[PDB]
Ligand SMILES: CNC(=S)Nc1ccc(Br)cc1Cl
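One chain comes next, on its own, written out as structure tokens in the form deposited without the named molecule.
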């Protein structure tokens, strides 16, 4: 089997992407944030504290003839950006782009933090990291991909995120028309439960490539590119007037600037992030200070190849017995 679904930016800045997901019978379609940095599929629901729901579409398990309470199971998750959610668990039928999993754990939110409430466009998350990170207790549950894997034509999914435009998540096949050149594969460590890999270095603009190992995660649920302070300083030093602002919470730059590109290495291959992808717009409405899309990972404890990086590539998440990651230009 295979599946193919379009993923769409939630706003003009590509702060996140949403993908429609069918849950239950008859189908209830919710727009979920596909997140390769976590492993829970959770949704706003009829059980979510009413004051914490503000415009989201909810899953109502009592209206699904295939929903079953997973007795005694609870979940609770905290994300890198400080947001969180928790609740109980159902199993139900879940379909993405024509690919169907029966008995998928659908984690129903009883509580969500403010940032989730305040984002009317995201109805929940669909985790695509390794199932070892799944938070369901006392019986850990599998991700949608893990459940689908054996049925797929090939045990892979691909992320093809757009810049200010829709893109695609495919399951079970590699669309050879979706990228240019060849796909370069690189090793993954699953030791921390992430799609963790090592970039071979970077360049800023038309500058020379610096060969240096950068360990990080491919994370579709993180907006920006978080890299070591040395790398980030080298980038922003090429933008007149750019500075790190403790009050804003990272590097800012004059909105009048033209940003240089940023290249990262994948083995001997190179992925170029155009300068415009690094612009996250005014820090507040009407400001001429703009927020940068490359930020320091210092104090996160891990480097994160988030959407800024991934949307410059066609990315293969290869879930073979020994997983690997593939990157192509597009």
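Residue numbers count along the first chain shown, from 1.
For the segment pair 112-120 and 169-177, the entry gives 112-120 the higher mean B-factor, averaged over Cα atoms. Here 203-211 and 160-168 are compared by their mean Cα B-factor, and 203-211 comes out higher. Going by the entry's values, 83 shows the largest Cα B-factor out of 184, 238, 83, 95.
Reading the B-factor column for the CA atoms of 294, 272, 43, 69 in the entry, the top value corresponds to 69.
In the deposited entry, the Cα temperature factor of residue 1 places it in the highest third of its chain's modelled residues. Among the modelled residues of its chain, residue 35 has a C-alpha B-factor that falls in the lowest third, as given in the PDB entry.
Per the PDB record, residue ranking by Cα B-factor puts residue 16 in the middle third of the chain. Annotation for residue 261: C-alpha temperature factor in the lowest third relative to the rest of the modelled chain, per the entry.
Among all modelled residues in this chain, the alpha-carbon of residue 22 has a temperature factor (C-alpha) in the lowest third.
What comes next is about the form solved in complex with the named molecule, which is not displayed.
Screening 232-240, 219-227, 92-100, 160-168 for residues having heavy atoms within 4.5 Å of the named molecule in the entry with it bound returns a single hit, 219-227. Heavy atoms of residue 16 reach within 4.5 Å of the named molecule in the entry with it bound, making it an interface residue. Interface membership of residue 119, defined by any non-hydrogen atom within 4.5 Å of the named molecule in the entry with it bound, is confirmed. The named molecule in the entry with it bound is not approached by residue 153, whose heavy atoms all lie more than 4.5 angstroms from it.
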